[PDB]
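S.K.: As input, take target38.cif (mmCIF, N, CA and C atoms and all ligand atoms):
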data_structure
#
loop_
_atom_site.group_PDB
_atom_site.id
_atom_site.type_symbol
_atom_site.label_atom_id
_atom_site.label_comp_id
_atom_site.auth_asym_id
_atom_site.auth_seq_id
_atom_site.Cartn_x
_atom_site.Cartn_y
_atom_site.Cartn_z
ATOM 1 N N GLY A 1 52.275 -7.361 35.227
ATOM 2 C CA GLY A 1 51.590 -8.025 34.122
ATOM 3 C C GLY A 1 51.836 -7.310 32.820
ATOM 4 N N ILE A 2 51.697 -8.038 31.719
ATOM 5 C CA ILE A 2 51.684 -7.427 30.401
ATOM 6 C C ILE A 2 50.376 -6.708 30.182
ATOM 7 N N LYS A 3 50.455 -5.414 29.885
ATOM 8 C CA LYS A 3 49.263 -4.593 29.726
ATOM 9 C C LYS A 3 48.965 -4.121 28.301
ATOM 10 N N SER A 4 49.932 -4.179 27.385
ATOM 11 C CA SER A 4 49.696 -3.766 26.008
ATOM 12 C C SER A 4 50.774 -4.271 25.069
ATOM 13 N N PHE A 5 50.408 -4.344 23.792
ATOM 14 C CA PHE A 5 51.258 -4.813 22.712
ATOM 15 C C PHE A 5 51.328 -3.820 21.568
ATOM 16 N N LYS A 6 52.501 -3.678 20.989
ATOM 17 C CA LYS A 6 52.659 -3.081 19.666
ATOM 18 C C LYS A 6 52.631 -4.134 18.555
ATOM 19 N N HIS A 7 53.156 -5.310 18.819
ATOM 20 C CA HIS A 7 53.296 -6.384 17.829
ATOM 21 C C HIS A 7 52.109 -7.340 17.887
ATOM 22 N N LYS A 8 51.347 -7.427 16.795
ATOM 23 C CA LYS A 8 50.133 -8.234 16.812
ATOM 24 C C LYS A 8 50.444 -9.721 16.935
ATOM 25 N N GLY A 9 51.580 -10.168 16.392
ATOM 26 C CA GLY A 9 51.938 -11.584 16.497
ATOM 27 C C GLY A 9 52.136 -12.004 17.946
ATOM 28 N N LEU A 10 52.873 -11.201 18.715
ATOM 29 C CA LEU A 10 53.018 -11.475 20.136
ATOM 30 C C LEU A 10 51.686 -11.409 20.827
ATOM 31 N N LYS A 11 50.869 -10.398 20.491
ATOM 32 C CA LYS A 11 49.570 -10.233 21.136
ATOM 33 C C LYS A 11 48.694 -11.473 20.942
ATOM 34 N N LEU A 12 48.609 -11.945 19.703
ATOM 35 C CA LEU A 12 47.802 -13.119 19.391
ATOM 36 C C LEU A 12 48.324 -14.361 20.083
ATOM 37 N N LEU A 13 49.650 -14.482 20.190
ATOM 38 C CA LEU A 13 50.222 -15.639 20.876
ATOM 39 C C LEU A 13 49.848 -15.600 22.351
ATOM 40 N N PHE A 14 50.108 -14.456 22.975
ATOM 41 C CA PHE A 14 49.911 -14.325 24.417
ATOM 42 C C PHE A 14 48.435 -14.401 24.821
ATOM 43 N N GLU A 15 47.580 -13.692 24.073
ATOM 44 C CA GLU A 15 46.175 -13.556 24.445
ATOM 45 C C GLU A 15 45.321 -14.723 23.984
ATOM 46 N N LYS A 16 45.647 -15.311 22.830
ATOM 47 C CA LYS A 16 44.743 -16.290 22.205
ATOM 48 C C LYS A 16 45.399 -17.637 21.910
ATOM 49 N N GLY A 17 46.708 -17.767 22.088
ATOM 50 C CA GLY A 17 47.384 -19.000 21.727
ATOM 51 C C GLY A 17 47.560 -19.221 20.237
ATOM 52 N N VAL A 18 47.434 -18.152 19.450
ATOM 53 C CA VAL A 18 47.545 -18.206 18.007
ATOM 54 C C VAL A 18 49.006 -17.995 17.654
ATOM 55 N N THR A 19 49.552 -18.893 16.842
ATOM 56 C CA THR A 19 50.977 -18.950 16.605
ATOM 57 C C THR A 19 51.415 -18.424 15.242
ATOM 58 N N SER A 20 50.441 -17.955 14.453
ATOM 59 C CA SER A 20 50.654 -17.498 13.086
ATOM 60 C C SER A 20 51.689 -16.386 12.910
ATOM 61 N N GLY A 21 51.822 -15.546 13.933
ATOM 62 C CA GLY A 21 52.620 -14.340 13.826
ATOM 63 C C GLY A 21 54.056 -14.449 14.281
ATOM 64 N N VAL A 22 54.499 -15.659 14.632
ATOM 65 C CA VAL A 22 55.874 -15.890 15.057
ATOM 66 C C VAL A 22 56.406 -17.170 14.416
ATOM 67 N N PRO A 23 57.741 -17.329 14.373
ATOM 68 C CA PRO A 23 58.254 -18.577 13.796
ATOM 69 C C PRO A 23 57.853 -19.800 14.620
ATOM 70 N N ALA A 24 57.380 -20.834 13.939
ATOM 71 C CA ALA A 24 56.833 -22.008 14.609
ATOM 72 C C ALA A 24 57.805 -22.603 15.614
ATOM 73 N N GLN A 25 59.067 -22.672 15.206
ATOM 74 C CA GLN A 25 60.122 -23.273 16.005
ATOM 75 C C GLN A 25 60.351 -22.557 17.329
ATOM 76 N N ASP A 26 59.911 -21.310 17.386
ATOM 77 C CA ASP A 26 60.234 -20.457 18.516
ATOM 78 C C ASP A 26 59.090 -20.257 19.477
ATOM 79 N N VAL A 27 57.958 -20.899 19.228
ATOM 80 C CA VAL A 27 56.795 -20.663 20.043
ATOM 81 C C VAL A 27 57.059 -20.902 21.537
ATOM 82 N N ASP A 28 57.695 -22.018 21.882
ATOM 83 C CA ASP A 28 57.904 -22.296 23.304
ATOM 84 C C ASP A 28 58.815 -21.249 23.965
ATOM 85 N N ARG A 29 59.918 -20.888 23.323
ATOM 86 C CA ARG A 29 60.802 -19.902 23.943
ATOM 87 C C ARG A 29 60.173 -18.506 23.997
ATOM 88 N N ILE A 30 59.411 -18.138 22.976
ATOM 89 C CA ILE A 30 58.718 -16.855 23.024
ATOM 90 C C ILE A 30 57.716 -16.855 24.184
ATOM 91 N N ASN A 31 56.962 -17.941 24.349
ATOM 92 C CA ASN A 31 56.060 -18.040 25.491
ATOM 93 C C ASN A 31 56.815 -17.977 26.817
ATOM 94 N N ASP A 32 57.987 -18.611 26.901
ATOM 95 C CA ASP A 32 58.800 -18.496 28.126
ATOM 96 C C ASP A 32 59.112 -17.021 28.445
ATOM 97 N N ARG A 33 59.564 -16.269 27.457
ATOM 98 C CA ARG A 33 59.924 -14.864 27.705
ATOM 99 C C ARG A 33 58.684 -14.024 28.030
ATOM 100 N N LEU A 34 57.581 -14.240 27.313
ATOM 101 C CA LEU A 34 56.358 -13.500 27.586
ATOM 102 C C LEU A 34 55.901 -13.767 29.015
ATOM 103 N N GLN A 35 55.930 -15.038 29.412
ATOM 104 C CA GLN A 35 55.485 -15.405 30.749
ATOM 105 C C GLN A 35 56.397 -14.766 31.814
ATOM 106 N N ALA A 36 57.700 -14.706 31.544
ATOM 107 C CA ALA A 36 58.635 -14.071 32.484
ATOM 108 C C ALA A 36 58.293 -12.586 32.625
ATOM 109 N N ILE A 37 58.044 -11.902 31.517
ATOM 110 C CA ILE A 37 57.713 -10.487 31.568
ATOM 111 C C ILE A 37 56.400 -10.287 32.330
ATOM 112 N N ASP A 38 55.405 -11.120 32.029
ATOM 113 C CA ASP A 38 54.106 -11.016 32.659
ATOM 114 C C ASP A 38 54.163 -11.225 34.175
ATOM 115 N N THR A 39 55.038 -12.117 34.619
ATOM 116 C CA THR A 39 55.023 -12.383 36.044
ATOM 117 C C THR A 39 56.038 -11.570 36.825
ATOM 118 N N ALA A 40 56.958 -10.871 36.173
ATOM 119 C CA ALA A 40 57.906 -10.010 36.889
ATOM 120 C C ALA A 40 57.203 -8.847 37.583
ATOM 121 N N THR A 41 57.611 -8.541 38.820
ATOM 122 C CA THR A 41 57.189 -7.288 39.437
ATOM 123 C C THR A 41 58.325 -6.271 39.492
ATOM 124 N N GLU A 42 59.569 -6.707 39.296
ATOM 125 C CA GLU A 42 60.680 -5.756 39.206
ATOM 126 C C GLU A 42 61.578 -6.180 38.074
ATOM 127 N N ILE A 43 62.170 -5.180 37.428
ATOM 128 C CA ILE A 43 62.924 -5.425 36.205
ATOM 129 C C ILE A 43 64.104 -6.362 36.450
ATOM 130 N N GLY A 44 64.698 -6.337 37.642
ATOM 131 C CA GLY A 44 65.836 -7.192 37.890
ATOM 132 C C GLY A 44 65.509 -8.673 37.864
ATOM 133 N N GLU A 45 64.235 -9.030 38.004
ATOM 134 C CA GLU A 45 63.830 -10.426 37.873
ATOM 135 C C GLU A 45 64.085 -10.953 36.463
ATOM 136 N N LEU A 46 64.226 -10.054 35.482
ATOM 137 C CA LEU A 46 64.485 -10.432 34.097
ATOM 138 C C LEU A 46 65.973 -10.417 33.765
ATOM 139 N N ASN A 47 66.819 -10.060 34.752
ATOM 140 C CA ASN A 47 68.277 -10.031 34.527
ATOM 141 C C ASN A 47 68.859 -11.426 34.748
ATOM 142 N N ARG A 48 68.449 -12.305 33.856
ATOM 143 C CA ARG A 48 68.846 -13.691 33.827
ATOM 144 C C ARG A 48 69.850 -13.850 32.699
ATOM 145 N N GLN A 49 70.852 -14.694 32.898
ATOM 146 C CA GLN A 49 71.918 -14.759 31.913
ATOM 147 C C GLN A 49 71.415 -14.969 30.490
ATOM 148 N N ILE A 50 70.517 -15.925 30.290
ATOM 149 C CA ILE A 50 70.109 -16.206 28.910
ATOM 150 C C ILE A 50 69.155 -15.165 28.308
ATOM 151 N N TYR A 51 68.646 -14.240 29.122
ATOM 152 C CA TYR A 51 67.725 -13.218 28.631
ATOM 153 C C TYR A 51 68.441 -11.971 28.104
ATOM 154 N N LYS A 52 69.694 -11.729 28.500
ATOM 155 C CA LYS A 52 70.443 -10.593 27.951
ATOM 156 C C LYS A 52 69.650 -9.284 28.094
ATOM 157 N N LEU A 53 69.143 -9.052 29.302
ATOM 158 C CA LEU A 53 68.358 -7.857 29.598
ATOM 159 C C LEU A 53 69.204 -6.607 29.310
ATOM 160 N N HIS A 54 68.638 -5.642 28.599
ATOM 161 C CA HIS A 54 69.382 -4.436 28.233
ATOM 162 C C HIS A 54 68.426 -3.254 28.200
ATOM 163 N N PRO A 55 68.746 -2.141 28.891
ATOM 164 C CA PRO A 55 67.942 -0.926 28.737
ATOM 165 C C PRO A 55 68.346 -0.209 27.458
ATOM 166 N N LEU A 56 67.350 0.243 26.709
ATOM 167 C CA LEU A 56 67.635 0.913 25.451
ATOM 168 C C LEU A 56 67.792 2.416 25.683
ATOM 169 N N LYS A 57 68.310 3.132 24.684
ATOM 170 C CA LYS A 57 68.686 4.538 24.861
ATOM 171 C C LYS A 57 68.214 5.381 23.707
ATOM 172 N N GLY A 58 68.432 6.688 23.824
ATOM 173 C CA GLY A 58 68.194 7.590 22.726
ATOM 174 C C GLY A 58 66.725 7.600 22.395
ATOM 175 N N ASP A 59 66.387 7.289 21.146
ATOM 176 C CA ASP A 59 64.989 7.281 20.771
ATOM 177 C C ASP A 59 64.195 6.150 21.431
ATOM 178 N N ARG A 60 64.887 5.215 22.073
ATOM 179 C CA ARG A 60 64.244 4.107 22.756
ATOM 180 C C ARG A 60 64.470 4.178 24.264
ATOM 181 N N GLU A 61 64.821 5.349 24.764
ATOM 182 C CA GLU A 61 64.908 5.545 26.193
ATOM 183 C C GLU A 61 63.585 5.185 26.851
ATOM 184 N N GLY A 62 63.644 4.417 27.939
ATOM 185 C CA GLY A 62 62.436 3.958 28.612
ATOM 186 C C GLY A 62 62.064 2.523 28.247
ATOM 187 N N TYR A 63 62.703 1.967 27.222
ATOM 188 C CA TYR A 63 62.441 0.594 26.812
ATOM 189 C C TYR A 63 63.566 -0.326 27.268
ATOM 190 N N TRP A 64 63.217 -1.599 27.342
ATOM 191 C CA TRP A 64 64.083 -2.699 27.679
ATOM 192 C C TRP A 64 63.996 -3.751 26.592
ATOM 193 N N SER A 65 65.049 -4.554 26.480
ATOM 194 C CA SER A 65 65.109 -5.694 25.580
ATOM 195 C C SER A 65 65.447 -6.963 26.359
ATOM 196 N N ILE A 66 64.770 -8.080 26.020
ATOM 197 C CA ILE A 66 65.253 -9.409 26.393
ATOM 198 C C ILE A 66 65.289 -10.256 25.128
ATOM 199 N N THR A 67 66.189 -11.230 25.140
ATOM 200 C CA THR A 67 66.449 -12.081 23.992
ATOM 201 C C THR A 67 65.712 -13.406 24.066
ATOM 202 N N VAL A 68 65.079 -13.752 22.949
ATOM 203 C CA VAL A 68 64.496 -15.077 22.767
ATOM 204 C C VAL A 68 65.589 -16.042 22.285
ATOM 205 N N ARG A 69 66.192 -15.729 21.140
ATOM 206 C CA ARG A 69 67.195 -16.551 20.503
ATOM 207 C C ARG A 69 67.960 -15.669 19.502
ATOM 208 N N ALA A 70 69.255 -15.894 19.282
ATOM 209 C CA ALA A 70 69.975 -15.162 18.244
ATOM 210 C C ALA A 70 69.699 -13.663 18.419
ATOM 211 N N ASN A 71 69.213 -13.003 17.375
ATOM 212 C CA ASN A 71 68.890 -11.598 17.486
ATOM 213 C C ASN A 71 67.400 -11.307 17.645
ATOM 214 N N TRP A 72 66.592 -12.335 17.887
ATOM 215 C CA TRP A 72 65.159 -12.261 18.148
ATOM 216 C C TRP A 72 64.965 -11.691 19.592
ATOM 217 N N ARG A 73 64.361 -10.515 19.741
ATOM 218 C CA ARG A 73 64.240 -9.832 21.035
ATOM 219 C C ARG A 73 62.843 -9.254 21.235
ATOM 220 N N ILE A 74 62.367 -9.341 22.480
ATOM 221 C CA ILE A 74 61.121 -8.697 22.903
ATOM 222 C C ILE A 74 61.498 -7.399 23.612
ATOM 223 N N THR A 75 60.914 -6.295 23.160
ATOM 224 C CA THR A 75 61.139 -4.993 23.785
ATOM 225 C C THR A 75 59.850 -4.484 24.419
ATOM 226 N N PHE A 76 60.010 -3.621 25.436
ATOM 227 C CA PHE A 76 58.886 -3.229 26.269
ATOM 228 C C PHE A 76 59.297 -2.112 27.206
ATOM 229 N N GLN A 77 58.320 -1.327 27.656
ATOM 230 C CA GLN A 77 58.469 -0.432 28.812
ATOM 231 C C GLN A 77 58.101 -1.224 30.081
ATOM 232 N N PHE A 78 58.713 -0.892 31.214
ATOM 233 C CA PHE A 78 58.423 -1.588 32.461
ATOM 234 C C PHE A 78 58.245 -0.517 33.528
ATOM 235 N N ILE A 79 57.029 -0.354 34.016
ATOM 236 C CA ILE A 79 56.647 0.789 34.838
ATOM 237 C C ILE A 79 55.767 0.281 35.964
ATOM 238 N N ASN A 80 56.180 0.546 37.205
ATOM 239 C CA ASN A 80 55.402 0.163 38.382
ATOM 240 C C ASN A 80 54.971 -1.299 38.337
ATOM 241 N N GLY A 81 55.879 -2.183 37.945
ATOM 242 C CA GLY A 81 55.599 -3.603 37.981
ATOM 243 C C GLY A 81 54.806 -4.185 36.823
ATOM 244 N N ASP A 82 54.524 -3.381 35.793
ATOM 245 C CA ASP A 82 53.784 -3.838 34.623
ATOM 246 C C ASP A 82 54.572 -3.514 33.360
ATOM 247 N N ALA A 83 54.299 -4.270 32.294
ATOM 248 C CA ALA A 83 55.010 -4.141 31.033
ATOM 249 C C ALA A 83 54.059 -3.636 29.948
ATOM 250 N N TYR A 84 54.571 -2.744 29.119
ATOM 251 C CA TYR A 84 53.773 -2.048 28.110
ATOM 252 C C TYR A 84 54.475 -2.024 26.757
ATOM 253 N N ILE A 85 53.653 -1.928 25.707
ATOM 254 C CA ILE A 85 54.125 -1.700 24.340
ATOM 255 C C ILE A 85 55.076 -2.815 23.903
ATOM 256 N N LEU A 86 54.675 -4.064 24.132
ATOM 257 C CA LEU A 86 55.547 -5.178 23.785
ATOM 258 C C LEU A 86 55.701 -5.285 22.265
ATOM 259 N N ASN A 87 56.952 -5.401 21.821
ATOM 260 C CA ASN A 87 57.280 -5.561 20.401
ATOM 261 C C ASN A 87 58.241 -6.751 20.201
ATOM 262 N N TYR A 88 58.318 -7.271 18.975
ATOM 263 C CA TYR A 88 59.225 -8.362 18.616
ATOM 264 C C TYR A 88 60.067 -7.903 17.432
ATOM 265 N N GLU A 89 61.375 -8.173 17.476
ATOM 266 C CA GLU A 89 62.312 -7.759 16.426
ATOM 267 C C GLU A 89 63.408 -8.814 16.225
ATOM 268 N N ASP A 90 64.057 -8.762 15.065
ATOM 269 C CA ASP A 90 65.087 -9.730 14.701
ATOM 270 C C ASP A 90 66.309 -9.031 14.125
ATOM 271 N N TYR A 91 67.120 -8.447 14.994
ATOM 272 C CA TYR A 91 68.393 -7.867 14.580
ATOM 273 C C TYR A 91 69.241 -7.600 15.805
ATOM 274 N N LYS A 92 70.559 -7.551 15.619
ATOM 275 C CA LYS A 92 71.463 -7.155 16.720
ATOM 276 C C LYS A 92 71.505 -5.607 16.982
ATOM 277 N N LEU A 93 71.458 -5.155 18.258
ATOM 278 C CA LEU A 93 71.584 -3.740 18.665
ATOM 279 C C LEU A 93 72.972 -3.128 18.384
ATOM 280 N N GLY A 94 73.006 -1.875 17.920
ATOM 281 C CA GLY A 94 74.250 -1.209 17.544
ATOM 282 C C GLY A 94 74.943 -0.446 18.662
ATOM 283 N N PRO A 95 76.102 0.164 18.368
ATOM 284 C CA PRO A 95 76.948 0.758 19.423
ATOM 285 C C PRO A 95 76.318 1.950 20.206
ATOM 286 N N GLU A 96 75.383 2.674 19.625
ATOM 287 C CA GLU A 96 74.823 3.784 20.389
ATOM 288 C C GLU A 96 73.816 3.351 21.461
ATOM 289 N N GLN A 97 73.493 2.062 21.488
ATOM 290 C CA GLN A 97 72.605 1.526 22.514
ATOM 291 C C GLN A 97 73.404 1.009 23.695
HETATM 292 CL CL CL B 101 47.185 -4.092 23.323
HETATM 293 CL CL CL B 102 61.479 -2.167 38.679
#
Could you write out this structure as structure tokens?
Ligand SMILES: [Cl-]
Ligand SMILES: [Cl-]

M.R.:
Amino acid sequence: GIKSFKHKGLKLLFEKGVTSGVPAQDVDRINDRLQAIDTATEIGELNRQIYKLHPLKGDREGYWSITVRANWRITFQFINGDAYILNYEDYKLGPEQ
């Protein structure tokens, strides 16, 4: 399950159905990714072609990324079947990752 958020927009969407903090057009796909993270018990369940699952490195060691659309990505820690510190970002990852 999802246990914590860094990004208030994702938190409000997931917990309350409030859509103010994300692009309107993306609400359904963001909910799809959140629901996938929430129901996964192992990280490989998120290794779906359209999700572009990627473990992050360096200062982001311990985090994972999945893609909503374009460069829109949800990042999180995944530990003992639960997801933590969920964040939302809009940029492509660089070569050191
Ligand atoms: Cl939280
Ligand atoms: Cl796992």

S.K.: Would you kindly return, as a PyMOL selection string, each protein, DNA or RNA residue with an atom no farther than 9 Å from any atom of residue 97 (chain A), considering only C-alpha atoms and excluding same-chain residues fewer than 3 positions away?

M.R.: chain A and resi 54-58+60+93-94

S.K.: Taking only chain A into account, list the residues labelled alpha helix (DSSP H) by DSSP (computed from the backbone), as an MDAnalysis selection string.

M.R.: chainID A and resid 8:16 27:39

S.K.: So which bits of region 50-79 of chain A end up strand (DSSP E or B) when you DSSP the backbone, as a list in words?

M.R.: residues 54, 55, 63, 64, 65, 66, 67, 68, 69, 72, 73, 74, 75, 76, 77, 78 and 79 of chain A

S.K.: All residues within 6.5 Å of ligand CL 102 (chain B) are required, counting all atoms listed in the file; please report them as a VMD selection string.

M.R.: chain A and resid 41 to 44 78 80 to 81

S.K.: Compute the set of protein, DNA and RNA residues whose minimum atom distance to ligand CL 101 (chain B) is at most 9 Å, using only C-alpha atoms and all ligand atoms, and state it as an MDAnalysis selection string.

M.R.: chainID A and resid 3:8 11 84:86

S.K.: Grab the CA of residue 91 (chain A) to atom N of residue 17 (chain A) distance for me, in Å with one decimal place.

M.R.: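 Between CA of residue 91 (chain A) and atom N of residue 17 (chain A) the gap is 25.0 Å.
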
S.K.: Just so the selection is clear, what residues does the PyMOL selection byres (((chain A and resi 1) around 6) and not hetatm) cover here, as a PyMOL selection string?

M.R.: chain A and resi 2-3+37-40+81-83

S.K.: Taking only residues of region 33-64 of chain A that have an atom at most 8 Å from an atom of region 26-29 of chain A, what is each one's shortest atom pair and its distance in Å to one decimal, using all atoms listed in the file, in chain and number order, as CSV?

M.R.:
residue,atom,partner,partner_atom,distance
A:33,N,A:29,C,4.2
A:34,N,A:29,C,6.0
A:35,N,A:29,C,7.7

S.K.: Using all atoms listed in the file, which protein or nucleic acid residues come within 6.5 Å of residue 75 (chain A)? Drop anything in the same chain fewer than 5 positions from it, and give the result as a list in words.

M.R.: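 Once the nearby chain positions are removed, what remains is residues 63, 64, 65, 66, 84, 85, 86, 87, 88 and 89 of chain A.
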
S.K.: So the first atom is atom C of residue 12 (chain A) and the second is CA of residue 74 (chain A); what is the distance between them in Å, to one decimal place?

M.R.: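 According to the coordinates, atom C of residue 12 (chain A) and CA of residue 74 (chain A) are separated by 14.3 Å.
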
S.K.: Report, as lines of an AutoDock Vina configuration file, the centre and edge lengths in Å (one decimal) of the axis-aligned box enclosing every listed atom of region 90-95 of chain A, padded by 8 Å on each side.

M.R.:
center_x = 70.5
center_y = -3.9
center_z = 17.2
size_x = 28.9
size_y = 27.7
size_z = 22.1

S.K.: To one decimal in Å, tell me the separation between CA of residue 90 (chain A) and CA of residue 15 (chain A).

M.R.: 21.6 Å

S.K.: Using only N, CA and C atoms, find the one residue out of A:32, A:21, A:47, A:92 that sits nearest to residue 71 (chain A).

M.R.: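 Nearest candidate to residue 71 (chain A) out of A:32, A:21, A:47, A:92: A:92.
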
S.K.: Could you pull region 41-53 of chain A out of the block above and give me N, CA, C and O atoms, as a PDB file, in the first residue's frame?

M.R.:
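Output saved as result01.pdb:
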ATOM      1  N   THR A  41       2.501  -5.739  -4.405  1.00  0.00           N
ATOM      2  CA  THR A  41       3.237  -6.251  -3.253  1.00  0.00           C
ATOM      3  C   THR A  41       4.705  -6.503  -3.585  1.00  0.00           C
ATOM      4  O   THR A  41       5.481  -6.659  -2.664  1.00  0.00           O
ATOM      5  N   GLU A  42       5.062  -6.547  -4.868  1.00  0.00           N
ATOM      6  CA  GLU A  42       6.475  -6.652  -5.238  1.00  0.00           C
ATOM      7  C   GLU A  42       6.738  -5.712  -6.385  1.00  0.00           C
ATOM      8  O   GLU A  42       5.876  -5.433  -7.226  1.00  0.00           O
ATOM      9  N   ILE A  43       7.953  -5.175  -6.398  1.00  0.00           N
ATOM     10  CA  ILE A  43       8.291  -4.116  -7.341  1.00  0.00           C
ATOM     11  C   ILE A  43       8.158  -4.586  -8.787  1.00  0.00           C
ATOM     12  O   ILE A  43       7.798  -3.789  -9.652  1.00  0.00           O
ATOM     13  N   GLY A  44       8.398  -5.868  -9.062  1.00  0.00           N
ATOM     14  CA  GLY A  44       8.308  -6.333 -10.427  1.00  0.00           C
ATOM     15  C   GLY A  44       6.909  -6.265 -11.009  1.00  0.00           C
ATOM     16  O   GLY A  44       6.743  -6.264 -12.236  1.00  0.00           O
ATOM     17  N   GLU A  45       5.888  -6.171 -10.160  1.00  0.00           N
ATOM     18  CA  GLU A  45       4.525  -5.985 -10.648  1.00  0.00           C
ATOM     19  C   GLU A  45       4.368  -4.654 -11.378  1.00  0.00           C
ATOM     20  O   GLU A  45       3.411  -4.490 -12.133  1.00  0.00           O
ATOM     21  N   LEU A  46       5.281  -3.705 -11.137  1.00  0.00           N
ATOM     22  CA  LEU A  46       5.246  -2.396 -11.783  1.00  0.00           C
ATOM     23  C   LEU A  46       6.124  -2.346 -13.028  1.00  0.00           C
ATOM     24  O   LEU A  46       6.157  -1.306 -13.712  1.00  0.00           O
ATOM     25  N   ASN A  47       6.798  -3.468 -13.351  1.00  0.00           N
ATOM     26  CA  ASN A  47       7.659  -3.517 -14.547  1.00  0.00           C
ATOM     27  C   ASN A  47       6.817  -3.859 -15.774  1.00  0.00           C
ATOM     28  O   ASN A  47       6.938  -4.927 -16.383  1.00  0.00           O
ATOM     29  N   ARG A  48       5.949  -2.918 -16.085  1.00  0.00           N
ATOM     30  CA  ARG A  48       5.033  -2.980 -17.198  1.00  0.00           C
ATOM     31  C   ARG A  48       5.572  -2.060 -18.278  1.00  0.00           C
ATOM     32  O   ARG A  48       6.089  -0.962 -17.960  1.00  0.00           O
ATOM     33  N   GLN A  49       5.421  -2.451 -19.535  1.00  0.00           N
ATOM     34  CA  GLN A  49       6.058  -1.683 -20.590  1.00  0.00           C
ATOM     35  C   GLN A  49       5.739  -0.194 -20.530  1.00  0.00           C
ATOM     36  O   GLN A  49       6.646   0.641 -20.634  1.00  0.00           O
ATOM     37  N   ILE A  50       4.469   0.158 -20.380  1.00  0.00           N
ATOM     38  CA  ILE A  50       4.140   1.586 -20.431  1.00  0.00           C
ATOM     39  C   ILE A  50       4.519   2.367 -19.165  1.00  0.00           C
ATOM     40  O   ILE A  50       4.483   3.582 -19.176  1.00  0.00           O
ATOM     41  N   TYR A  51       4.917   1.673 -18.098  1.00  0.00           N
ATOM     42  CA  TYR A  51       5.289   2.339 -16.853  1.00  0.00           C
ATOM     43  C   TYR A  51       6.767   2.740 -16.806  1.00  0.00           C
ATOM     44  O   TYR A  51       7.135   3.574 -15.989  1.00  0.00           O
ATOM     45  N   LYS A  52       7.630   2.122 -17.618  1.00  0.00           N
ATOM     46  CA  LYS A  52       9.037   2.536 -17.664  1.00  0.00           C
ATOM     47  C   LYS A  52       9.656   2.559 -16.257  1.00  0.00           C
ATOM     48  O   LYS A  52      10.352   3.497 -15.860  1.00  0.00           O
ATOM     49  N   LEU A  53       9.449   1.469 -15.523  1.00  0.00           N
ATOM     50  CA  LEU A  53       9.964   1.339 -14.164  1.00  0.00           C
ATOM     51  C   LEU A  53      11.493   1.480 -14.182  1.00  0.00           C
ATOM     52  O   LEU A  53      12.170   0.803 -14.976  1.00  0.00           O
TER      53      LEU A  53
END
